[PDB]
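Notes to accompany the following structure.
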Amino acid sequence: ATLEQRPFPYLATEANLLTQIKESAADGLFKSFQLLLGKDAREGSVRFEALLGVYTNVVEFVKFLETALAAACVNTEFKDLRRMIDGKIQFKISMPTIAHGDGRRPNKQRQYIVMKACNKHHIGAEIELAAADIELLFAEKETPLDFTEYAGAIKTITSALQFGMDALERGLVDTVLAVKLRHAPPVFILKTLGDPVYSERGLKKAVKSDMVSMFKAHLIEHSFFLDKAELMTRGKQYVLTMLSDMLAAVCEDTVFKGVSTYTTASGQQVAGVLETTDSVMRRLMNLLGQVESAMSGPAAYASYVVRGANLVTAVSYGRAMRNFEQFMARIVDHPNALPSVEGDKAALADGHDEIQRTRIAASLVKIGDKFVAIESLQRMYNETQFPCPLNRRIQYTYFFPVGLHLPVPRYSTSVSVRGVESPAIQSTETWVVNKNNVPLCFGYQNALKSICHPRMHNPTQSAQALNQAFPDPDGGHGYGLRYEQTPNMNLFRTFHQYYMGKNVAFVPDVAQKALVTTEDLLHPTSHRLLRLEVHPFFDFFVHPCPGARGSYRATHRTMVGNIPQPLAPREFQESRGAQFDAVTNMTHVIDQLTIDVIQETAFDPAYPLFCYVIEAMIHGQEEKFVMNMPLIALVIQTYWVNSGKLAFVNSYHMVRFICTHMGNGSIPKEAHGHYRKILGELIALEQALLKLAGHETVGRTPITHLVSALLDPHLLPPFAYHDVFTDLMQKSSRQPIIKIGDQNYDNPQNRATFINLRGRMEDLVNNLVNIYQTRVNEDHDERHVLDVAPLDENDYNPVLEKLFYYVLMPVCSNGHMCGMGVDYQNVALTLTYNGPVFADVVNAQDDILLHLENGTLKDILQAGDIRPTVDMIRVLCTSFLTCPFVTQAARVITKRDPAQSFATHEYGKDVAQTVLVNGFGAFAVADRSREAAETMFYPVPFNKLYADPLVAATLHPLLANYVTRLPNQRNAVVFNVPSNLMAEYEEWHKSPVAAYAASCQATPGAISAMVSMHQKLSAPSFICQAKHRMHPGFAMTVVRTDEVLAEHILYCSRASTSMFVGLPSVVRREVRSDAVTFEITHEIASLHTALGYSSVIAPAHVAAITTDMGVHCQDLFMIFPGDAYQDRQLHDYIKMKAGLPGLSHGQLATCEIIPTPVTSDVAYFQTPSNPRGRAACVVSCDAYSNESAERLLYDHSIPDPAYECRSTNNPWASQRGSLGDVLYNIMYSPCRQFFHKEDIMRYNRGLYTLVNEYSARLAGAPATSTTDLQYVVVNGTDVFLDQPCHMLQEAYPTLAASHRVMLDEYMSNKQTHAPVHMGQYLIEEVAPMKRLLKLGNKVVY
Amino acid sequence: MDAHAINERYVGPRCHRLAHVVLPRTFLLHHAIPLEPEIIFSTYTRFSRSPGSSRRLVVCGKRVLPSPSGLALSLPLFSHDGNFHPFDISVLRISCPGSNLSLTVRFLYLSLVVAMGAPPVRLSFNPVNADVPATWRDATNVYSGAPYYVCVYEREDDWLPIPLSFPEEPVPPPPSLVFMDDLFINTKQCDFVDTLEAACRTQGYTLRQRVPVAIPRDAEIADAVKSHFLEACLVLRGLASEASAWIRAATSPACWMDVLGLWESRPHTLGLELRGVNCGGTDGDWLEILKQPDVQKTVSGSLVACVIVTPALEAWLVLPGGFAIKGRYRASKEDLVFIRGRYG
């Protein structure tokens, strides 16, 4: 790999075949003489043989005066330039005015004084003379071998001396062409600046915007003009008006306009030099035939030397002057001579009229009116294998989206495509055509080397850039922040302390985002909602610490469904849940007819209260239900016959026991079928959830515990009746804390002091008086001990409870569910203290209400319309014995998943949940029997899916007063929950989950919407969605860069630069025993004599595309190596599932992922602006005002300058502190073009300083050339990059297509393809280069 | 678990016994100890019935990754004159070098001493090792009520128990000798507020402005500023804290400020130093106080009061609106020895 990269690759592989061809050391050499020992001298003595060789000369090149480039520069030979320090030119521009008769102020006289300088240049070449070659140059020769040894050394010295003089005449033409190219700004800038019809008002703020909007429009429409005219009909007429556009944009305002340096042979003057490569020149000779092929210029340099009067002031004063004799003959000889033009033209022509004329061979051409010479200097850069400077490498940026969601009134235009018109299908990839027309896909699994990285998953880097943006935040209401624990178990006390005299109701930052639509959040009248949209995965708020001023903290969202409705809308969660259905191939057991039964019970105004009394007496027990199965078969039957609805739908354990334990004809056969279909659904859901979770394990912990939240056992079901709290602790690496009031609960070894169990009733017939002694004596407001039944691990499974309360009940009831709390000893006081229960004289198999009195049971049994027997209520009386105490709440604080243990504060690593012990959730209580419910039950709002005001106002008339005093809180999303029961930021379910369930349609597709909504939003869940080609809850944008080998055309007008050529000076610097080296220096100065720009460059023809336009994501594990997760078994798992000898298409393009809301517009991705979401043009605003140019980039009080309607496309990347600002504002990052604040503020100055800096200085960190992985460049020696996107802050769109077929329709008809189909789109590319696109045989230009 | 055996070699000879202590996450969650590796611990014990101060020793602490799990430490126990005292607080002070963090964790010896109850010359090479097995014995903290574990490592040893010297009569009750700090600081706060109320009586039950802040003209606002003063007297009296501003001013070798949280809307941040501000009491010195970002919000805003303590133990209670009352902490010469010993 060293044979090819070394220059002259054909002579290298040929000269390195000598090792195979050589057999004796006199192989290629000829024989000349013989050295005998005498005259014959023996046949056996040693004879010597003089060997001669063949040398080829150095190919000489045309000197500088005989090239046609010297029509652009004025040549003088300044003999001693190594003595010069500086040189200056001083202009004095007097300006006339117009005298007019309006009222405005007449102008006085004005002058300008302009001071130009001299740039100095230094050239060095080395010459090696061998010490064996110098030694015989001074020796005495007297034999015919020493004459042919001497003559072979005088030729070696001169051929090394012709080489050094060759490498300086190459050095002139390189350093003149390097001066011409640093002051050569391109056409698209200078065509508008060169016309004074735009800047006649002065460059205001609105003229610069109209002028930058023509920098873009000429860069796209008129670029690579000799390649755009291969496929036009006009052809010659288009190139000629393009190349007489370059000809006139140059200002011909030179001091040497009157000085006639070069002429034509006919008498006209050569106006300029038009320099191309070889490949462009042979096409400008066919479009434009040469007219003369002859010119006549000077033959020698003008000679300037410091003679007798300058030499005194050069020695003594240290300042000299050009042509002292003219300065002295005007100051003292004619002091009153006014500056006239013709009397001065001899003096301004600094000897350039005295030089002898000659005959110069150069290919002229006529362009409209002017005679213009055309060169090609490629034949001097090919002979020495250096890169020609006119093969600049233009580097463009490109961007395309992937995975978006199109809004609800879906349309189409096309008539061809058929297969992909479904509303349930969603693309998860976009197709990009490669350089060699290989249409490649960019999926999420290709996108995973940079997502699953802990720079994407921590707020500690993002809450510090947000704290330097708004350093003094007002911590206002601290509402949903933290759980203030107090020692109570009376949940009627903490309920009644909070809603007593509440007159003001606060809404958090989160509960007012899930009601805003996708378009209201981006409109610039809302700073405050849009300001804390910083990160996709996290959720920010204001914490009151430190001191009196706030600070920003963050909680993780933990799910896909905690993304708000502006960023994951309602019809997207449905079409993401229908993709959950298609991969697992699950079949819904529940039909729409059974949801129609469950929903009618939830909105029942006459639901019986008596089935709450049964469910409170069972409280989820195996034994206690079998005792009462001849009673609940009457409550269900007298509610299915009297009305089409079915009872006992509240909790899971009543639905489970009805399906399993009957198996008979007690319930009617139609009514029992609806119960079987519920448990048929829940089992089929967890069959599907165990397919996508996979079989494999990270470490001790499986991945089924870590992909979804419906399978993670740390999420407890909201109503626990058993000892679920100790079964969690013995099988958990995430260390839990149960807070039973004040005292924490840590270890399973301390179970007896905190948790008191109560087993079977048949086993507890002995210790049963000891239960009632604790009902009277103990203080239950400060008991701190919860009573639950012992649980058997072969009986239950927590996932079916979790699929019931969190998926099926918020859908089918549409979120009308509150946590009903029970006072148990007041329930059975109605039942046992009856009188037909107590008196044993009454018949057991007799009707109840024939014998019962005016109490509450006459009014409760009038609700359910039940005629039970006396045996039935007497069995319900027996359930009072092992009946638990008041319903309690235990807050289960567990640590977060190892993919989620990055937090701003110390409490942010712990997620929490309050589980209502011995209580049950219940629907809207019937208004005919609220008096009976007011004597038995009370509401406990404790969760987002279980805090509903229209249900909770029924249970207690104080909350019915609270809802009717201020009707803001009548929604479930808005409603205030006490701070002793719930804090929303420290919670799994975090209000945008509770806002989806209130706006469902209760569709069978909405059941599977919720199951694909409890999908963990972490790094090792994104692997499990990328294998099955699912859609995680965010789309993303890609950014690339691509190089182009553009062959250019340089024009440079007549006599603009003036050169000062010194003398070559030899300096010996090394003497060895083997050879002597030298170094020839040669110093050149050069000054620009014109005022405006005098040379203009243009891209003409693309030679090749270097970088292939293929998908290759930038892995963040190489760029940030020190980052790691807390685990090592999980950092080695992600690094394994995410991630060259030789490449096939070309240099690989790095792709960078900017995550984006799924509701972002496709019509942003068609027009070429940057992927920030806001425009970053700083040339528009005022000069040197750094405080004003920052309001463009980051302030959202204003709309962005692109769109007057919205403010920002993606708030996840535009703002201060956002994930785009965190990663890419501080290998090669194409997003550093767009996000880096310091580089953008370089273009705040005046737009003529930018043009001077454009061609001269290379920009901030571009990419390397011909390296496999596209590194960042340094030292810039032979580096010819031209990036016009760093000035305009825009990226050009490519071919993207959401499906394969949309790109097969673009090929077949370029005009009438639909850009937006129903779910799918196509971005037709708007790039400054056009290409041929061949997919098969069909061509789209 | 390496953090125990490192301290037996370097903290060991500077002590009498080491209390090897492992703090679980349940103890860490209450005191909010964010386990970064930059934290530099420091330990000193506050004596009783003797001149109370010992030397500060820097103790290594390492997180244990998993049979318990949590932060591992080693507390020094000091036997002055051959025996331990039962009521003797061993104070742990937790702080970061760069950022702003200061925590005080305190342990009592009866929760520690009880938990301890069941030819070329060769050179000696004694590396640090975790070869010695641990015995894990339960303990509960007296001050918070959070459990922590105590290691007893294997080594006139088995013959004797670990010595104690119980206090003698006459004695204060042991609930009042345990909280010796929280009953001395509380009575300096309850006597500070009695100076703030005494300045109202000598003025005529008025509050005068000190800071030039325009107040909007509404009668309900003028009655609300009075409610910030009476709420500040409920908070200053209930506050019995180790890290108050006047303790920082008494042990100073600079104005020491501590803002409050009225009506429990904020937790307290105490002991903030006002660097570059000399509280002389002249009108040109209140501009330097208003250049602090806290006092711009304790005055323009609401629900926050603010106390600024001079080095001369005179303190103003700054109310929203610019109203202030000069008050005085009275600390005698006997109590400055009591404070600069145990705290400074």
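Residue numbering restarts at 1 in every chain; chains get A, B, ... in the order shown in the structure tokens, and ligands count up from 1 in that same order.
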### Query
So which bits of segment 733-874 of chain A end up helix (DSSP H, G or I) when you DSSP the backbone, as a ChimeraX atom specification?
/A:748-754,769-776,798-812,824-831,857-864,870-874
### Message
Using only C-alpha atoms and a distance of at most 6 Å, pull out the residues of chain A that contact chain B, as an MDAnalysis selection string.
### Response
chainID A and resid 547:548 906
### Task
Can you pull out every residue within 7 Å of segment 76-87 of chain B, counting only C-alpha atoms, but drop anything in the same chain fewer than 2 positions away, and send it as number ranges by chain?
B: 15-19, 48, 74, 89, 108-110, 163-166, 178
Export of the given selection (C-alpha atoms) as a PDB file, in the first residue's frame:
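Once written, out17.pdb looks like this:
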ATOM      1  CA  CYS B  15      -7.683   6.972  66.565  1.00  0.00           C
ATOM      2  CA  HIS B  16      -8.686   4.613  69.364  1.00  0.00           C
ATOM      3  CA  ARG B  17     -11.258   2.446  67.573  1.00  0.00           C
ATOM      4  CA  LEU B  18     -12.890   2.603  64.157  1.00  0.00           C
ATOM      5  CA  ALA B  19     -16.636   2.119  63.752  1.00  0.00           C
ATOM      6  CA  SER B  48     -20.311  15.821  76.400  1.00  0.00           C
ATOM      7  CA  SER B  74     -15.471   4.000  58.961  1.00  0.00           C
ATOM      8  CA  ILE B  89     -22.014  12.397  69.114  1.00  0.00           C
ATOM      9  CA  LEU B 108     -24.282   8.442  68.798  1.00  0.00           C
ATOM     10  CA  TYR B 109     -21.887   6.046  70.518  1.00  0.00           C
ATOM     11  CA  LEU B 110     -24.566   3.813  72.075  1.00  0.00           C
ATOM     12  CA  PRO B 163     -15.850   0.037  78.108  1.00  0.00           C
ATOM     13  CA  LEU B 164     -18.415   2.736  78.784  1.00  0.00           C
ATOM     14  CA  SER B 165     -18.621   5.325  81.562  1.00  0.00           C
ATOM     15  CA  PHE B 166     -22.254   6.278  82.125  1.00  0.00           C
ATOM     16  CA  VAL B 178     -28.874  13.652  73.332  1.00  0.00           C
TER      17      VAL B 178
END
### Task
Pick out the residues sitting within 7 Å of residue 88 of chain A, and hand them over as a PyMOL selection string; count only C-alpha atoms, and ignore anything fewer than 2 positions along from it in its own chain.
chain A and resi 86+90+115-118
Could the residues in this selection be saved with C-alpha atoms as a PDB file, in the first residue's frame?
ATOM      1  CA  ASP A  86       6.600  46.973   3.264  1.00  0.00           C
ATOM      2  CA  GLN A  90      -2.210  55.452  -1.528  1.00  0.00           C
ATOM      3  CA  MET A 115      -4.140  52.410   1.559  1.00  0.00           C
ATOM      4  CA  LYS A 116      -3.196  49.107  -0.070  1.00  0.00           C
ATOM      5  CA  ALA A 117      -0.279  46.920   0.998  1.00  0.00           C
ATOM      6  CA  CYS A 118       2.023  44.264  -0.456  1.00  0.00           C
TER       7      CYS A 118
END
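Non-sequential neighbours of segment 1072-1081 of chain A (distance at most 7 Å, separation of 4 or more positions within a chain, only C-alpha atoms) are residues 122, 123, 124, 125, 126, 127, 128, 129, 130, 131, 1064, 1065, 1066, 1067 and 1068 of chain A.
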### Closest of B:207, B:230, B:249, B:215 to residue 300 of chain B - atom-to-atom distances counting only C-alpha atoms
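Closest candidate: B:215.
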### Message
Applying 10 Å and only C-alpha atoms, which residues near residue 469 of chain A remain after dropping the ones on its own chain fewer than 6 positions away? List them as a PyMOL selection string.
### Response
chain A and resi 463+1194+1215-1217
### Task
Select, from A:895, A:619, A:674, A:1295, the residue with the minimum atom-to-atom distance to residue 640 of chain A, counting only C-alpha atoms.
A:674
### Message
Quick one: residues within 8 Å of segment 39-41 of chain B, only C-alpha atoms, excluding same-chain residues fewer than 3 positions away - as an MDAnalysis selection string?
### Response
chainID B and resid 35:36 58:61 92:97
### Task
May I ask for the distance between atom CA of residue 289 of chain A and atom CA of residue 259 of chain A, given in Å to one decimal place?
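Atom CA of residue 259 of chain A lies at a distance of 28.5 Å from atom CA of residue 289 of chain A.
Within segment 705-819 of chain A, DSSP run on the backbone puts these residues in strand (DSSP E): residues 719, 720, 737, 738, 739, 740, 743, 744, 745, 755, 756, 757, 786, 787, 788, 818 and 819 of chain A.
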File dump, residues just selected, N, CA and C atoms, as a short mmCIF file (atom, residue, chain, number, x, y, z; two decimals), in the first residue's frame:
data_model
loop_
_atom_site.label_atom_id
_atom_site.label_comp_id
_atom_site.auth_asym_id
_atom_site.auth_seq_id
_atom_site.Cartn_x
_atom_site.Cartn_y
_atom_site.Cartn_z
N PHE A 719 -54.61 -1.80 42.63
CA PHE A 719 -55.34 -2.31 43.77
C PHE A 719 -54.74 -3.65 44.15
N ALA A 720 -54.10 -3.70 45.32
CA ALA A 720 -53.49 -4.92 45.82
C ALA A 720 -54.24 -5.39 47.05
N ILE A 737 -38.70 0.54 48.08
CA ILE A 737 -39.05 1.10 49.39
C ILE A 737 -40.57 1.18 49.42
N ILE A 738 -41.19 0.57 50.42
CA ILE A 738 -42.61 0.78 50.66
C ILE A 738 -42.76 1.80 51.79
N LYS A 739 -43.52 2.85 51.56
CA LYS A 739 -43.76 3.85 52.60
C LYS A 739 -45.17 3.67 53.14
N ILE A 740 -45.29 2.93 54.24
CA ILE A 740 -46.56 2.77 54.94
C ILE A 740 -46.65 3.95 55.89
N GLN A 743 -43.04 5.26 58.36
CA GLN A 743 -41.92 4.33 58.41
C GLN A 743 -41.70 3.68 57.05
N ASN A 744 -40.46 3.72 56.58
CA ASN A 744 -40.06 3.01 55.38
C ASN A 744 -40.09 1.50 55.64
N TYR A 745 -40.14 0.74 54.55
CA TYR A 745 -40.16 -0.72 54.63
C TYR A 745 -39.13 -1.22 53.63
N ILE A 755 -46.17 -5.85 57.95
CA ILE A 755 -47.26 -6.50 57.22
C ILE A 755 -47.84 -7.60 58.09
N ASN A 756 -49.13 -7.52 58.35
CA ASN A 756 -49.85 -8.53 59.11
C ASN A 756 -50.76 -9.30 58.17
N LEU A 757 -50.56 -10.61 58.09
CA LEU A 757 -51.31 -11.44 57.16
C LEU A 757 -52.55 -12.02 57.84
N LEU A 786 -50.38 -2.77 57.51
CA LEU A 786 -51.39 -3.07 56.51
C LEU A 786 -51.74 -4.55 56.53
N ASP A 787 -53.02 -4.85 56.31
CA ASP A 787 -53.53 -6.21 56.38
C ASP A 787 -53.87 -6.73 54.99
N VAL A 788 -53.20 -7.82 54.59
CA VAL A 788 -53.37 -8.42 53.28
C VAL A 788 -53.40 -9.93 53.44
N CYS A 818 -62.87 6.26 39.78
CA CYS A 818 -62.21 6.82 40.95
C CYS A 818 -61.95 5.71 41.95
N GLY A 819 -60.98 5.94 42.83
CA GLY A 819 -60.64 4.94 43.81
C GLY A 819 -61.55 5.00 45.02
#
### Query
Between atom CA of residue 23 of chain B and atom CA of residue 894 of chain A, what is the distance, to one decimal in Å?
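Taking atom CA of residue 23 of chain B and atom CA of residue 894 of chain A, their separation equals 17.7 Å.
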